[PDB]
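Novice: The structure that follows is given in the form of structure tokens.
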Amino acid sequence: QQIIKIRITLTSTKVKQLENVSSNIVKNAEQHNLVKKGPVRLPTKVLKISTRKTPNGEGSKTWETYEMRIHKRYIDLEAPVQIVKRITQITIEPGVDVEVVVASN
Amino acid sequence: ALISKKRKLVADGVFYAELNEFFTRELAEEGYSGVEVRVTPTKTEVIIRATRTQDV
Amino acid sequence: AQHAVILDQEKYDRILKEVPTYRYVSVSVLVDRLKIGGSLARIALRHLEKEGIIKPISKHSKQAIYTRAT
Amino acid sequence: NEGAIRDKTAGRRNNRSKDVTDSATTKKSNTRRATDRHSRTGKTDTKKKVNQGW
Amino acid sequence: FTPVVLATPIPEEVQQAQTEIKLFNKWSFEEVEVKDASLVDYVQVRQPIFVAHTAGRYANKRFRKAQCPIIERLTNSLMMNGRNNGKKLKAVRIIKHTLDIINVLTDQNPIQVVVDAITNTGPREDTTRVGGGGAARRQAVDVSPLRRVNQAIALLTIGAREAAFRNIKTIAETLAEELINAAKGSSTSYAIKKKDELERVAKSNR
Amino acid sequence: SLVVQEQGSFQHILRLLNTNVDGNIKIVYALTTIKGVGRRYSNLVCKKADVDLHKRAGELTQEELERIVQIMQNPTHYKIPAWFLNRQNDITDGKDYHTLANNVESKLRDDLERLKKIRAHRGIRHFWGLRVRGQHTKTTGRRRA
Amino acid sequence: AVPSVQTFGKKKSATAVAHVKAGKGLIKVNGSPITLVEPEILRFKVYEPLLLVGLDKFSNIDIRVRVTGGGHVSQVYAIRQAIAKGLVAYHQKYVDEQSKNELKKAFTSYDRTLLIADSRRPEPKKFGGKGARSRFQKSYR
Amino acid sequence: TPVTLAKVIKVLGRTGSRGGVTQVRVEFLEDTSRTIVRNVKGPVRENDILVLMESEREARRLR
Amino acid sequence: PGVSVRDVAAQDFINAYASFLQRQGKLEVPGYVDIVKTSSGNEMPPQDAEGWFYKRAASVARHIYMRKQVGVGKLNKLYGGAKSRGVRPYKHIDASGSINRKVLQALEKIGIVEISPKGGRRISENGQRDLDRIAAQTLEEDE
Amino acid sequence: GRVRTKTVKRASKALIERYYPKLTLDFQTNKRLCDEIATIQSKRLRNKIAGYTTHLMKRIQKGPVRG
RNA sequence: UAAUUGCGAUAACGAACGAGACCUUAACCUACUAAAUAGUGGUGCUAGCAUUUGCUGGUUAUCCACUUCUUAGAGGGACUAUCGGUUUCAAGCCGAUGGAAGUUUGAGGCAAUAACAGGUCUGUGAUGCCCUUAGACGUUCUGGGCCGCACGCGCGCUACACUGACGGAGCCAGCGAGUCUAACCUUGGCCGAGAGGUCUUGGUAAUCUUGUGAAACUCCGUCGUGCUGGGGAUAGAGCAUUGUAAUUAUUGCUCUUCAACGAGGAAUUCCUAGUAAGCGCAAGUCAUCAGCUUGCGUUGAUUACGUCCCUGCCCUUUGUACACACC
Ligand SMILES: CN[C@@H]1[C@@H](O)[C@@H](O[C@@H]2[C@@H](O)[C@H](O[C@H]3O[C@H]([C@@H](C)O)[C@@H](O)[C@H](O)[C@H]3N)[C@@H](N)C[C@H]2N)OC[C@]1(C)O
Ligand SMILES: [Mg+2]
Ligand SMILES: [Mg+2]
Ligand SMILES: [Mg+2]
Ligand SMILES: [Mg+2]
Ligand SMILES: [Mg+2]
Ligand SMILES: [Mg+2]
Ligand SMILES: [Mg+2]
Ligand SMILES: [Mg+2]
Ligand SMILES: [Mg+2]
Ligand SMILES: [Mg+2]
Ligand SMILES: [Mg+2]
Ligand SMILES: [Mg+2]
Ligand SMILES: [Mg+2]
Ligand SMILES: [Mg+2]
Ligand SMILES: [Mg+2]
Ligand SMILES: [Mg+2]
Ligand SMILES: [Mg+2]
Ligand SMILES: [Mg+2]
Ligand SMILES: [Mg+2]
Ligand SMILES: [Mg+2]
Ligand SMILES: [Mg+2]
Ligand SMILES: [Mg+2]
Ligand SMILES: [Mg+2]
Ligand SMILES: [Mg+2]
Ligand SMILES: [Mg+2]
Ligand SMILES: [Mg+2]
Ligand SMILES: [Mg+2]
Ligand SMILES: [Mg+2]
């Protein structure tokens, strides 16, 4: 056990599934008494695509715009090596992309 | 590896589609109703939801 | 090319003696005196501010304004 | 190209001096759109084959 | 006026008028009255303002247009004809210029002088297109007070702009000549002429 | 800048380079009614001839007028960059020329005639009087010759 | 810790942050004194909030503002809203209330919105034309 | 020249094929206590003050 | 009282400072000056002829003084402007680099600007000396 | 224009009918009343109901209304 | 009423799809939980002015504090509320005050029954039938063509200038997007009149490019009404960039050449508020090429708050020999 100064990055398209896992990480750690920079939310990027609806060129020009919403979150902890490998192999979610790094760079 | 977060997330939804298709073509006679992919450590898990699993 | 591009000392003398009575002078009003074009009409707006005559009450490029001295 | 410039009967002057034909100005006018709801199959169908099918 | 300073100084004439009188670029909103009955409540003049810009929302309700400060309406109609749309900085600068010309000739708070050119240039009665059967005849009609101000504004501006086109004279100059000539109507102004010809064709067809 | 006075010393419409030049305009736009002199090349030679540009074409001492010309025909000697020049890398002697005035039309023709005498397509295009730069001829240019 | 309040004002996309603290009466915007500002026709629009409540009024307070967003004019409407707003905020939390409400009364009576953010916001362009309302053009035939 | 000033006392309706005219009853100001129905051009609300070029004349319909 | 250059309106500053570097005679004007334009997106060279290098450098210094550090690249986009494509719409374009660079390399060898860390150029401390000096002078003419 | 859809005026009708006690001429309290007493799927819709039951209540005090 | 939206009339009563509701996005939250990938004040370290103090910077951690401003979770807020007008004495409507906001708050996504021989077999490894299938209508390669020019038409771009061009100088956005077998976004440094070149560098990105220091615009001057310094078509000569390949000139740059156009006939398009109009930017195309599109913000008005005259459509009634429904 040594205090490793950790940075976790949560990124997903599903808000409920993202803030579930984030708030889950926030209470599971802080009931368990560590040093936390809580969920720090990053500007949700909206990736847009603009298309004509019709497959061919006939008809009035109807444009449609699809979008995909990417929400990104990051949580800073300092823990020992044991609660990191435990908290990060569990809390696994489909659709949430969890990233755990040790370093500032 | 080392892809943008953006391109990654759009690359993930491209994957689901191609798989969704492949299973709709392959398993049609088995009653394939759709898929979901859970990415884990060490594995990636593919769940076929189909009405006759024994021919799967 | 129509006229009034240079000096013609009579027109110098015309200017000094003809610009009282002008409650407003500008680059327009100085060509409307059947006289110099906007290049030397400006010049005269300077040289009439050399001493006496024109009191600036306005500012800048395009619109200029002056009144007679008191 | 040696043939190209040696050719009179060419160029802008010789085009400028020709009359423009009528077929240019005129509209395409469509056609046939009167007849649109009248099938040219000349066949039609049968109450039998519409009930066997549907 | 009891001057006061503090760390970053606010200058002499700046301080002076400022706290004291609410007046214009500098021009008196006191005095300056509307020479015509009606036309008040449709010519603004108190509340006083400093420069002709505003964020004003006058376009959301029918008659709030009237409450817009009169000079600002004028500089409003100044910025238009294509290229000159937007560009209120341009048009406001001209208004300060023309009023400095207006006062230059015949004193007379230039704000008052436009109040007159706007009151004299509203046509009292006009004509409309009524069928009258077949070939359309024209029923003479008494024009509303607001309209009388609108048209007044547009006419003067349109004239000045049309007038300033393609000659050495400057927009601020020609804005003044017209304003003055229409202030006490000379019929040497493009507005006075066309206020009188709408009322002349209004007398004939009545 | 100042009011000036002079005398009958200034003469309007002086002629140079076989062309005629309005006086009573500012001296730079005067030298440009010649063929081969645009606003830039005017502006550089005047600065190179040590001449006050605030002057009109009028005052402009005759000696000032012979330096203006000398510089014009010999730009590389008085140090004009030779990218500033209309005609570089001759295609026969490969010197760098500023071709001027009544000669501008001459060199133009010879250029054209080369493309023509050579059977160049670009030549054929001038010779039929059409657009050489490639542009769509189907629509534009119907008032034509 | 000196008495300090911090306010803002908005016009379109322009936001201007105003620090109003206890000071000797400096008024500067961004890096520069309130006396430049240079649209310069609109110079009085930024003078306005002072000379509406009286010039004095500011000598027990330092005034700093910094602006980002919008254009040359948009910013000018935001700093005047952020200067007016901050004055009432100060007299809110430091001087008495009847004085603050005599400051708002002196503004809101004159307004130009000094205390109230103008909600006008750009409309979305919709396909079929260059602007939000204005459609392209048609020829029929 | 006989200018006559008249205050709008009621809004009536819009007339004309185009509908760009408004029927109005006024009470003219000097020596009130007589009523006339005139036709307006621009927009009018109650209490507006109208300049009648000709004192007595009035209309009804418009096409 | 105290003074910084942010106490003086932009133009009278950069003018008095231009006239100051004109008087000065410590310059390094590259000599292609006057035979040049200052943008690929400009019609004519500048109208101040002899001068205008001291106009731009004066501005350059003023710009750099305000903010942390500014490269040649930033200067280009700044000093650039609308280029008329003729019959085609207007597009913004970067001004000429050699102008503003040798404006830096001249303000360096005059000790008014220095290479910064992080990149760019940074206002020399002898620059804030001189600048906040003539910026004092300019409200001294206005006294 | 501002008109209340049937599903708004049918709820309000259904409310004042059973709940006429409580249910006063103040929207705000009436608003919260709705939350406890009724299940409505959106903030917007609920307030629409409440704000109308307020109008109806408000003129009931001035004498009965049809329906 | 935006609405078969409602009131009301009532042999009907009470209801369902559609409208509404709903969802997304923009406006408001001195309070919720936080942020060296967002900033603020304090304190050190420190530069410059002047000042007995004070002003302006600089500083990736040097520490301490905070969440107004920036970010996004979850809540809250408007229901046309209060009051007054106006009406069947009704749903509603106008006005006022308040308010972030009172045009369905602004803007959209979704969208009943049906209709059409509308468009699309040139998006598809969607498809019936026909056609072809080895001298191929499969496919690849080489080279042209789709750009070809007496002319007719449509969407546009630039202009006729003095509300301007040109030269300095001032100097402000928002939506965006960016690179591993790879060459993407590119700060900075030097070379170059330019265009560009070159050595490095930060960025798989709230971290770097980027405050995308955009343009219109503001100010000080030069031009001074002259097809002019408005206008830049046409054309010559040269220098660069992409690409295997630039000729019929991909694009870019410098000199030169310097047309029509002096406000557009009959006509006809679009539009009501942060709109119209001016202005640029990013994204899509994409090696290179935007006068194009999709979005964005910057400047920011005049004039309606009506009618049924025109036109278009919906709705009653009326006639019919139509029902493959006036083709
Ligand atoms: C000066 N030469 C070129 C210069 O013209 C310019 O070209 C880009 C071009 O490469 C871009 O090509 C594009 O291709 C990628 C890719 C994922 O498809 C896009 O993400 C992105 O829009 C852009 N980088 C284009 N969209 C804009 C031009 N200005 O910038 C790149 C360059 C090599 O410096
Ligand atoms: Mg003019
Ligand atoms: Mg020439
Ligand atoms: Mg710029
Ligand atoms: Mg510029
Ligand atoms: Mg152009
Ligand atoms: Mg429904
Ligand atoms: Mg500090
Ligand atoms: Mg906050
Ligand atoms: Mg009521
Ligand atoms: Mg068909
Ligand atoms: Mg198809
Ligand atoms: Mg087929
Ligand atoms: Mg096929
Ligand atoms: Mg095709
Ligand atoms: Mg086909
Ligand atoms: Mg396709
Ligand atoms: Mg398919
Ligand atoms: Mg056609
Ligand atoms: Mg189209
Ligand atoms: Mg300019
Ligand atoms: Mg950032
Ligand atoms: Mg920004
Ligand atoms: Mg010309
Ligand atoms: Mg030109
Ligand atoms: Mg191409
Ligand atoms: Mg296209
Ligand atoms: Mg109606
Ligand atoms: Mg028939």
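Please read every residue number as a count from 1 along the shown chain.
Cβ coordinates come from backbone N, Cα and C, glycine included.
Residues annotated as phosphothreonine in Swiss-Prot: E:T8. Sequence annotations record features per position, and here Swiss-Prot assigns ubiquitin cross-link to E:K26, E:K184.
Walk me through where these features lie, including what they touch and how far apart they are.
Specialist: E:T8 (phosphothreonine) carries neither a helix nor a strand DSSP state and counts as coil.
Around the Cβ of E:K26 (ubiquitin cross-link), the number of neighbouring Cβ atoms within 10 Å comes to 13.
Within 10 Å of the C-beta atom of E:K184 (ubiquitin cross-link) sit 13 other C-beta atoms, taking all shown protein chains into account. In the three-state DSSP classification, E:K184 (ubiquitin cross-link) falls within coil.
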Novice: Counting every protein chain present, what is the number of Cβ atoms, excluding its own, within 10 Å of the Cβ of E:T8 (phosphothreonine)?
Specialist: 18
Novice: Tell me the Cα distance separating E:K26 (ubiquitin cross-link) from E:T8 (phosphothreonine), rounded to the nearest angstrom.
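Specialist: With distance taken Cα to Cα, E:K26 (ubiquitin cross-link) is 23 Å from E:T8 (phosphothreonine).
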Novice: Work out the three-state DSSP category of E:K26 (ubiquitin cross-link).
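Specialist: In three-state terms, E:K26 (ubiquitin cross-link) counts as coil.
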